[PDB]
Amino acid sequence: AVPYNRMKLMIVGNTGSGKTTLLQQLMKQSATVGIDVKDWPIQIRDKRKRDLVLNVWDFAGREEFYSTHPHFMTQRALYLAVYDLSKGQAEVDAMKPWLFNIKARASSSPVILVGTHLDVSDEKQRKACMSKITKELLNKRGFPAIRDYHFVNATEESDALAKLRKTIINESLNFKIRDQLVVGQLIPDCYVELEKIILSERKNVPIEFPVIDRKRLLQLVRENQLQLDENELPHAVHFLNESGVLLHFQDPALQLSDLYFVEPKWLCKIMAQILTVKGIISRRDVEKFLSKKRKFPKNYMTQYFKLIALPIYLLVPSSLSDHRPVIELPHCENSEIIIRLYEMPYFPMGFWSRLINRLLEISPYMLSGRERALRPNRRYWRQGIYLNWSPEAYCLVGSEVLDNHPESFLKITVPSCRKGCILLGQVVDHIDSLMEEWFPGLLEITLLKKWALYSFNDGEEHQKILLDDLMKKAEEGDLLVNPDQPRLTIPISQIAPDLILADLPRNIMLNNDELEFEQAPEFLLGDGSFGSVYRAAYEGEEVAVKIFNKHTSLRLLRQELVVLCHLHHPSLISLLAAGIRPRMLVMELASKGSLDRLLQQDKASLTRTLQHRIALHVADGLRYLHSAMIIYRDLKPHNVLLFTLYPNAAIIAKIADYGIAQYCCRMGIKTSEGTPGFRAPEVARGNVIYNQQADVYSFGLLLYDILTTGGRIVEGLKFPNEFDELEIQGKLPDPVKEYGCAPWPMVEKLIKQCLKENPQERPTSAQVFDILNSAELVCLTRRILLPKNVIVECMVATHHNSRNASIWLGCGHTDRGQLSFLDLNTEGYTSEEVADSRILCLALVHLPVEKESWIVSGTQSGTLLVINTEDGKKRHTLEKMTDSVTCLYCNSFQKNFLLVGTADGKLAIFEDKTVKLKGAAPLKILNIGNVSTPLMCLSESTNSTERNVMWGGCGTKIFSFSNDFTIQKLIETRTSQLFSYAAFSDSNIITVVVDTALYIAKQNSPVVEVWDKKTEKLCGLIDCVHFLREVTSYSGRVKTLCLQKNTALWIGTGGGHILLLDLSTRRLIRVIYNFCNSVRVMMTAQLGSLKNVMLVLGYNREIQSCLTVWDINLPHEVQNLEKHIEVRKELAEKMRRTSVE
Ligand SMILES: COc1cc(C(=O)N2CCC(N3CCN(C)CC3)CC2)ccc1Nc1ncc2c(n1)N(C)c1ccccc1C(=O)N2C
Ligand SMILES: Nc1nc2c(ncn2[C@@H]2O[C@H](COP(=O)(O)OP(=O)(O)O)[C@@H](O)[C@H]2O)c(=O)[nH]1
């Protein structure tokens, strides 16, 4: 819409050049600490161009501030350059580090070089050097687009600055980015409106910490609604970030997405305060760095911002000593040390701050923190480090300048011993890891040149050989021959030990005499990103040989070794040998192929148990990898190798193909390597830096593929373009609804929790394994939520085993009995008002004659509704009991009988064959108790098929009956022997289950009583709250009780807990919670030839009654899993211990 005449201006230069005083003359000064931001309203007299306003920055020239400048140096700018002329011609050459860094970070930027001090300096000498470098700049590929040059006088307003100012305004209008003019570019009016509110809020934002969260910005934009949207806001924020009026850091590694900085000048001043408030540091900085340090002003804001001080307690990169401290090496013999100079054209801006930060780990001899070695006598200075463990094991990474060489070096000074070779192997890997991630400009194709120093004889000249030439000589032979005479030779293991893989442990090395290998394309096991895998025999075994191709440097091979020869785990593949002469790695053999071959062509052996261990083992490997500061980035259902398809085994899954695995420290990673279709959203974009949590999204996609049995991969094979776009976006479909899989209610919760767009909301790899370690995650098949505000007190499962799996619910949320039909495989809920009063309990009666199926109902009024299961117009009521009906349990001795439990202790037996009559009479009305004692405790005996005695309970009494319909026992329960637990023993009985003894539950009774049927005495008193005391008047009731056949006892508490008691003697197997608020009804059902389901109905309290379906195999699963985890804990410790030893 309206033109946007805003441009950001940057002024760079070395200290003493006069960058600030130059700006002062144009806009018409002891030092420029930090960065000084200004506004420059300039009017273009020529034509009718809008009055330009320039956000001028005054980048400091003092060498201590150079570490944090590049982060505030971005595109959309017109960089100046100031060089002093009193120095002569060396000052122009001294600007070269400044010029190189500008082009590296700001590729499209019209740099103008501006001189100074014309009053007391010459120009002819400077012009000779200035013209030479710019002629050498157009053919350098590292310099910026220098398209001007000037010489400017002192602070007095002379004619020279008039030309300089005219140049800047002309250059800014001539500036073009993406073939479009930056100054005056068209822009939507909404973005300009957002700029206005930010400026207004900048004036009243707190000065101690100026920032607004996402909530504040959301509230402001909502009440304005200046033609904005919810998805156009990130575009608006990013555009304002480029201009320079709102700094937003959306990098997932930084975790600063929520915060919106509305004060760019404040952000560049914090670094100045830290510096000006060495070898020795004190606690003064963390205590009284500024007057804003207090309890509340330094609690919420301090957790938001971090900026290299690892907790110990402060060591900033800019306070280190300028010059190298005095040091003395144990020896200086030319044949006792190893030197690995890195000749580079220029030190990158902030290179040494990161390298010093990275090399502050202490585990070079026991990787992954297996054994924290002795703290070395570390020495600190601006460009270098001096880790020193022993007089025979030291490293001296540090800068060095040689005579007649304007370039910079990176001298390593490791010793020529076994511990010297180990250190050089790791230091070089970490240096190459930094320059691959953070400084790709140096590794651009060949600016960097790596030299290895060797000396045939001590005392002679210490010569140089380019390392790539040594690599070609190393592959043709293991010895170095002197061209002058072959009499004297030195090995390659003393010049470049890492070249010939001499730093690896002696346990793994290619003994090429017991290795029977055939490269013929018949023993082929697959392919890979950079190699091929072949079958082979190593020391009389079966191995998989990874052989690399011609287009592969040793850096690629070493990138795999750092994760393979240092980390040992049952879920990570391991090496047996590694050579360089044929350039192969010898790996373990996955017996039954990669997981992809199982998903597609073997969709018959994937049970719900095997799928869990595969997801568990991969998340187990990720937890170890992420705990060793290593990211994977290549998690696909191709790299998950299976060793055996047995649900109960020590090792099942395994992770391989560590081809693009690189270290991911607290600074994060920047490269975007990966496989299309399996990448996290942050990995898909190439403009952000992501942390290790980006790998969790990749695991979630793998877990998504496991659940759907590779449905997504097959669908994406037809349209690869949509495969990458949909996975990266995150609008993935619901798995159970579309692809047609068996429901898994709380791994779909895990998938939707670890696939969130915001990386901070994704669970850590250590938390995903904890969730997957839940033993109830395997045996919870289904979970249904009933409609809002329904109170169902009874249920029954239609058990014909072949007709239809359905649940019949008697609702009670209204004062009129509603009998509801629930279709389990469809989740179709329908109700029907059939009774005047609430229905208390239901029961299914099945007559084998004529295949008639009927269900009986019990109402509080007293009626007994009977309706056919299939026919909906077969209602016929029986004669009403004296009082309410509470239990209708039906079982056969022979003859099918329908026991009726009336609320006045009156059990009237009714004949199942008599249900067809529309109104009948009880066969024999037996009396157990009076009206005051309810009879609501019917049960049966499942032991030894003893369908003779049917133990029940009336009030606080125990009763029984047989086919003779006589009471064989009437046992009193009101009296308590201990006389202390009588309060919870003075309530009426609820439910009884019998296997060999009697288990008694009472209202509001946290105790369950075990009574022997032979001695009529309470054998045991199990206190439920005793078992809940470890996990927590109290919500520890016993509202339902179900007894599995011969394995365990399921006790359901009123607080939503489920107790699995080991039926052997006493043991508590497990306690289950965080899924329901009040368990009400529990029973065992069988559904669709898939038996062993324990229907648990509870209210998730607005009352949401949840009907979750478990497996009665759970008491075995909880014990099986913990033994399985315990075994893999021993293997993990054994493998790590033997490696570190
Ligand atoms: C017995 O071990 C495996 C067998 C199979 C497999 O089912 N076949 C079936 C038939 C097929 N060929 C038959 C003969 N010819 C016609 C060519 C085609 C290939 C082999 C597939 C994989 C097997 N095991 C295996 N272990 C370790 C790996 C790895 N893979 N490779 C290929 C890797 C793949 C991905 C990531 C890492 C690796 C890996 O590093 N290693 C060491
Ligand atoms: N470049 C320049 N500097 C001058 C001149 N006359 C005096 N100076 C001094 O140079 C200093 C310039 O400081 P400056 O380099 O801008 O500080 P910095 O931005 O922190 O490096 C001022 O403090 C002046 O006292 C002049 O003619 N040219």
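Residues numbered from 1 in each chain as written, not as in the entry; some residues may be left out. Chains lettered and ligands numbered in written order. Heavy atoms only, no water. Residues with missing side-chain atoms left out of burial classes, pairs and counts.

As documented in the archive entry, the model was determined using cryo-EM at 3.52 Å resolution.

1. As for the packing of aromatic side chains
A centroid spacing of 5.3 Å and a plane angle of 75° characterise the contact between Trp808 and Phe821, whose relative ring orientation is edge-to-face. With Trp808 in strand β30 (residues 806–811) and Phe821 in strand β31 (residues 818–823), the pair connects residues that are 13 residues apart, well separated along the chain. Linked through ring pairs, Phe209, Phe249, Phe261, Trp266 and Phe305 together constitute an aromatic cluster. Across from the ring centre of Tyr342, 5.8 Å away, lies the NZ or CZ of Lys450, which sits over that ring. (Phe/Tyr/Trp six-rings, centres within 6.5 Å; stacked < 30°, edge-to-face > 60°. Helix = DSSP H or I, 4+ residues; strand = E, 2+ residues; numbered from the N terminus. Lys NZ or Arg CZ within 6 Å of the ring centre and 35° of its normal.)

2. With respect to the pattern of salt bridges
The partner of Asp503 in a salt bridge is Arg558, with the nearest N and O atoms 2.8 Å apart. Residue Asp503 is found in the loop between β20 (489–491) and β21 (515–517), and its partner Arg558 is found in helix α16 (residues 554–564); the two are separated by 55 residues along the sequence. Close ionic contact of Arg875 with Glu832 constitutes a salt bridge, the shortest N to O distance being 2.8 Å. Remark: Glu832 occurs in the loop between β32 (828–830) and β33 (839–847) and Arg875 occurs in the loop between β35 (866–868) and β36 (885–887); sequence separation between them is 43 residues. Salt bridges sharing common partners tie together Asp429, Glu436, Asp503, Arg555 and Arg558. (Salt bridge = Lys/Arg side-chain N within 4 Å of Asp/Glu carboxyl O.)

3. What about the packing of helix α18 (residues 610–627) against helix α27 (residues 1114–1140)?
One can describe the packing of α18 onto α27 by two numbers: an axis separation of 13 Å at closest approach and a directional angle of 35°. Helix-helix and strand crossings are classified by hand; for α18 and α27 the assignment is right-handed. In contact with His612, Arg613, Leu616, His617 and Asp620 of α18, α27 contributes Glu1117, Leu1121, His1124, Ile1125 and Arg1128. Its residues assigned to classes, the contact of α18 with α27 comprises three nonpolar, three polar and four charged. (Axes fitted to C-alpha atoms, helices over the stretch in contact; angles between N-to-C directions. Left-handed = near helix turned anticlockwise from the far one by under 90°. Contact = heavy atoms within 4.5 Å. Nonpolar A, V, L, I, M, F, W, Y, C, P; charged D, E, K, R; others polar.)

4. Structural notes on the packing of α18 against helix α25 (residues 765–772)
Direction vectors running N to C along α18 and α25 enclose 155°, while the axes themselves pass 8 Å from each other. Between α18 and α25, the angle falls in the class roughly antiparallel. Here the hand of the crossing between α18 and α25 comes out left-handed. Between α18, through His612, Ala615, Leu616, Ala619, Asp620, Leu622, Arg623 and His626, and α25, the contact on the second element is made entirely by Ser765, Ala766, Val768, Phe769 and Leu772. Its residues placed into classes, the contact of α18 with α25 shows eight nonpolar, three polar and two charged. (Parallel < 35°, antiparallel > 145°, perpendicular 65-115°, else oblique.)

5. Some points on the sheet that holds strand β48 (residues 1018–1023)
Strand order in the open sheet formed by four strands is β45-β46-β47-β48, with antiparallel pairing between adjacent strands. Strands at the two margins of the open sheet, each flanked by one partner only, are β45 (989–994) and β48. Neighbour-to-neighbour, the strand axes of this sheet turn through a mean angle of 20°, independent of strand direction. Bridge count between strand β46 (residues 998–1002) and strand β47 (residues 1007–1011): three bridges; the pairing is antiparallel. Bridge pairing in β47 places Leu998 opposite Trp1011. (Pairing = 2+ DSSP bridges.)

6. Digging into the pairing of strand β51 (residues 1058–1062)
Note: strand β50 (residues 1048–1052) against β51, five bridges, orientation antiparallel. Note on β51: the bridge partner recorded for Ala1048 is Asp1062. Hairpin connection between β50 and β51: a loop of five residues separates the two successive antiparallel strands, and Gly1056 in this loop has a positive phi of roughly 95°. In the sheet, β51 pairs with strand β52 (residues 1068–1072) via four bridges, with the strands oriented antiparallel. Note that in β52 the partner of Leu1059 across the bridge is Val1071. Following β51, the chain reverses through five residues before pairing antiparallel with β52.

7. Concerning the sheet that holds strand β43 (residues 957–959)
In space, the three strands of this open sheet follow the order β42-β43-β44, with antiparallel pairing throughout. The open sheet has two edge strands with one neighbour each: β42 (952–954) and β44 (970–972). The average angle at which neighbouring strand axes cross in this sheet is 30°, direction not considered. Bridge count for β43 against β44 is three bridges, and the pairing is antiparallel. By the bridge assignment, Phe959 is partnered in β44 with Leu970.

8. Considering the domain arrangement of the chain
Entries for the chain in the domain assignment read domain 1 (3–186), domain 2 (189–317), domain 3 (320–491), domain 4 (515–557 + 573–587) and domain 5 (595–777). A separation of 55 Å is found between the C-alpha centroids of domain 1 and domain 4. (Domains from an automatic or database assignment.)

9. Focus: the environment of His117
With respect to the element layout, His117 can be found in the loop between β5 (113–114) and α4 (124–135). The spatial distance from the C-alpha of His117 to the C-alpha of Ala154 is 5.8 Å, given a sequence separation of 37 residues. With near-sequence residues (within four places) excluded, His117 lies in contact with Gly16, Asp84, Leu85 and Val152. Only 2.4 Å separates the side chain of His117 from the side chain of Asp84, close enough to count as a polar contact. (Polar contact = N/O pair within 3.5 Å; in protein donor to acceptor, adjacent residues only side chain to side chain.)

10. A look at unusual backbone geometry
Negative phi is the rule for most residues except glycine; trans is the rule for most peptide bonds. One non-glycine residue, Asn404, adopts positive backbone phi at about 55°. Within the chain, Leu501 stands out as a residue other than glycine whose phi angle is a positive 55°. By the secondary structure assignment, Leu501 is in the loop between β20 and β21.

11. Describing the pairing of strand β40 (residues 906–911)
For strand β38 (residues 896–898) and β40, the ladder comprises two bridges, and the chain directions are antiparallel. Of the residues in β40, the one forming a bridge with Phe897 is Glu911. Hairpin connection, strand β39 (residues 901–902) to β40: the antiparallel pair is bridged by three residues, and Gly905 has positive phi, about 60°.

12. Brief notes about the environment of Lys419
In this structure, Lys419 sits in helix α14 (residues 418–437). A sequence separation of 29 residues divides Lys419 from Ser390, and the C-alpha atoms of the two residues are 9.7 Å apart. When neighbours within four sequence positions are excluded, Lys419 is seen to be in contact with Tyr365 and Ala393.

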